[PDB]
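# Topology and contacts: notes
Chain by chain, the residues:
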Amino acid sequence: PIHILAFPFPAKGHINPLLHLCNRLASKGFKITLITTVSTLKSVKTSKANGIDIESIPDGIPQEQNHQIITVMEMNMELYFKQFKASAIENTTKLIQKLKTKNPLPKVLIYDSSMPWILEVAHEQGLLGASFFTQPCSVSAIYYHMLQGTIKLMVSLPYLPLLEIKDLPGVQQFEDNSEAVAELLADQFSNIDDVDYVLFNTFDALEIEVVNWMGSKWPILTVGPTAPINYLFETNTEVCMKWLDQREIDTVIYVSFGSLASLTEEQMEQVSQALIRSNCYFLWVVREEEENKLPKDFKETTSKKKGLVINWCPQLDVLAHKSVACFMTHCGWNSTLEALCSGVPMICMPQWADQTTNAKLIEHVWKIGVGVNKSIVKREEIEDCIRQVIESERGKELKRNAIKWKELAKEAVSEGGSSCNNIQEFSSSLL
Ligand SMILES: O=c1ccn([C@@H]2O[C@H](COP(=O)(O)OP(=O)(O)O)[C@@H](O)[C@H]2O)c(=O)[nH]1
């Protein structure tokens with residue numbers, strides 16, 4: 001087989017979409033080796049069934065308590081991102097030299113677009129280099145314009161809806177790290193003319209005009225949704241799926257703020273009371289390190305009548321379940337795309353980075369969600385949005401719109417669709 005190496009940035013919203021692409025490629029007969037940091041490997045619980053070799057490299061930055069890589073970087077982003085970079089260059093080089101003593105020899109390196117300097121490692125080692133963007137073309141376009149100096153972080157940009165300042169990617173939320181974060185996002189386009197393959201986790205029908213614009217500059221390959229062995233981490237699948245099976249169609253609010261975002265105890269109390277007073281059934285992912293910010297007795301007693309509070313769920317299987325009526329989300333791109341491709345309308349509560357822009361696209365372009373208004377977002381505001389989605393006639397339109405996007409996404413990934421064709425073109429190029 002042809003041997004593909006894959007190197008995501010060490011965070012679940014970067015690992016998971018690349019894993020799903022790797023599983024598709026392994027189904028076409030390619031051998032896959034996934035490169036992870038030691039810190040990521042500590043959370044990996046299931047890997048045997050997917051058949052992919054996993055090889056680890058050092059973190060390259062300090063190990064603090066049981067914190068994850070981004071959390072450590074936030075202490076000093078400019079210093080620690082560039083320590084992570086130097087270590088990753090050195091140690092991926094060493095790893096590839098070891099892989100070159102085994103058959104089949106590696107031929108291509110698919111690397112996260114946020115790590116553009118890995119291209120030079122691939123080429124130095126005689127491999128093709130493929131940059132994998134884990135955000136949509138519309139948001140990535142903003143980072144390109146930042147690199148060109150057309151904008152620096154109402155705002156008009158080519159082939160994007162008119163934006164309010166609050167809709168631009170949220171870099172101000174990173175405080176003293178804000179300048180470093182803006183620079184790394186723009187750097188995704190710094191060597192794009194040297195990349196052998198440019199891949200985006202999106203599909204053409206979702207953003208026709210900006211994809212066409214981007215394609216007038218570089219040959220890009222839209223391959224999304226990569227999401228269809230589907231999980232590396234503990235998902236509590238049996239508990240979650242048995243509980244959803246006890247629920248009637250269209251009755252459950254799924255709630256998750258992703259793998260990184262953390263809300264204050266003040267904000268968590270507002271969400272807790274909004275869910276209780278709504279009187280709907282709900283499944284709320286509260287990560288284990290965030291549980292201590294919940295109101296006392298919430299997980300053990302008051303959520304027992306109508307809710308399931310869990311530290312991680314099988315999100316693809318949850319969003320596919322007929323009981324789920326809507327998705328209160330932080331609007332990370334994977335959650336946004338997974339919900340749209342499942343036909344599930346959203347309540348948008350973005351926190352930072354691309355989430356703010358994603359929420360504007362959800363509400364105003366794709367029209368499959370409503371957005372909360374900050375005062376802190378209060379229980380009444382959240383309750384209002386729940387009634388809009390679950391009860392009102394507007395909620396029925398949002399659901400019809402979500403089902404339309406689900407059908408276009410099914411088309412894109414099936415035989416003859418744009419993403420299916422693009423993955424075939426990538427695969428045949430390697431052959
Ligand atoms: O209980 C959960 C919550 C999230 N996810 C997955 O975690 C990723 C979240 O990535 P996203 O882009 O939505 O936000 P981020 O964590 O990067 O902020 C996605 O692959 C979700 O499917 C999951 O499997 N179980």
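Residues numbered from 1 in each chain as written, not as in the entry; some residues may be left out. Heavy atoms only, no water. Residues with missing side-chain atoms left out of burial classes, pairs and counts.

## Some words on the site of the ligand
Here is the rule: Proximity criterion: a residue is near a molecule or strand once any of its heavy atoms comes within 4 Å of it. Think of a polar contact as two N or O atoms within 3.5 Å of one another; within protein, one of them needs to be a possible hydrogen donor and the other a possible acceptor, and neighboring residues in sequence only count if both atoms come from side chains. Only the protein chains shown count as cover for residues, and the accessible areas themselves come from Shrake-Rupley with a 1.4 Å probe. The rule is simple: put a 1 Å grid over the protein atoms alone, call a set of points where a 1.4 Å probe fits but cannot get out a cavity, call an open set with protein on both sides within 12 Å along at least five of seven lines a pocket, and count a residue as lining if it has an atom within 4 Å of a point. Cavities and pockets are treated as containing a molecule whenever more than half of the molecule's atoms lie within 2 Å of their grid points. Numbering of helices and strands runs from the N terminus, with a helix taken as a DSSP run of H or I at least four residues long and a strand as a DSSP run of E at least two residues long. Ten residue types, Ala, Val, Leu, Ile, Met, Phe, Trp, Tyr, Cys and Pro, are classed as nonpolar, four, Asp, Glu, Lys and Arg, as charged, and the remainder, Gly among them, as polar.
Residues in contact with the ligand amount to 16 residues; listed here are only the nearest, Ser259, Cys313, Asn334, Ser335 and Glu338. Between the ligand and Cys313, the relevant distance is 2.8 Å, taken from a nitrogen atom to a main-chain nitrogen or oxygen of the residue. Take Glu338: an N or O atom from its side chain is 2.7 Å from an oxygen atom of the ligand. Notes on the ligand: free accessible area 540 Å², of which the protein chains cover 95%. Judged by the fraction of its atoms near the pocket grid, the ligand is located in the largest cavity. Looking at the shell around the ligand, the elements that each hand over two or more residues are α1 (12-27), β8 (252-256) and α13 (333-342). Sort the elements by how many residues they give to the shell around the ligand and α13 lands first, with four residues. Partitioned by chemical class, the residues of the shell around the ligand number five nonpolar, ten polar and one charged.

## Section: empty space enclosed by the protein
What counts here: Grid points are joined across faces, edges and corners, and a volume is the space filled by probe spheres set on the points. For every domain, the bounds stem from an assignment made automatically or drawn from a database.
In this model, the largest cavity occupies a volume close to 1,000 Å³. Surrounding the largest cavity, 49 residues form its lining, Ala11, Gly13, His14, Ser259 and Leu260 being those nearest its centre. At the level of elements, α1, α3 (69-73), α4 (77-99), α7 (178-186), β8, α12 (315-319) and α13 are the ones that each hand at least two residues to the lining of the largest cavity. If you tally residues by element for the lining of the largest cavity, the top one is α1, at five residues. Considered class by class, the residues forming the lining of the largest cavity number 24 nonpolar, 20 polar and five charged. A domain split of the lining of the largest cavity shows at least three residues from each of domain 1 (3-230 + 411-430) and domain 2 (237-409).

## Observations concerning the environment of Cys313
Our working rule: Whether two residues are in contact is decided by their heavy atoms, any of which lying within 4.5 Å being enough.
Among the structural elements, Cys313 can be located in the loop between β10 (307-310) and α12. Residues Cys313 and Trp366, spaced 53 residues apart in sequence, show a C-alpha to C-alpha distance of 26 Å. Here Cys313 is in contact with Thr235, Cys240, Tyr254, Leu283, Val285 and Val318, once residues within four sequence places are set aside.

## Observations concerning the UniProt feature "domain: Glycosyltransferase N-terminal" (unreviewed entry) in the chain
This is how the line gets drawn: UniProt positions are given in the numbering used here, feature names are shortened, and annotations may be inferred rather than shown by experiment.
Mapped onto this structure's residue numbering, the UniProt feature "domain: Glycosyltransferase N-terminal" (unreviewed entry) falls at residues 2-55. Secondary structure across residues 2-55 divides into 41% helix and 28% strand, with the first and last C-alpha atoms of the span separated by 18 Å.

## Regarding unusual backbone geometry
Between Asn103 and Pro104 the backbone carries a cis peptide bond, its omega angle lying at 0°. Within the fold, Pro104 resides in the loop between α4 and β4 (106-112). Residue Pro225 is bonded to the preceding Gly224 through a cis peptide linkage, with omega at -5°. Looking at the secondary structure, you find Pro225 in the loop between β7 (220-222) and α9 (237-245). Phi angles above zero are rare outside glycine, and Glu175 is one such case at about 65°.

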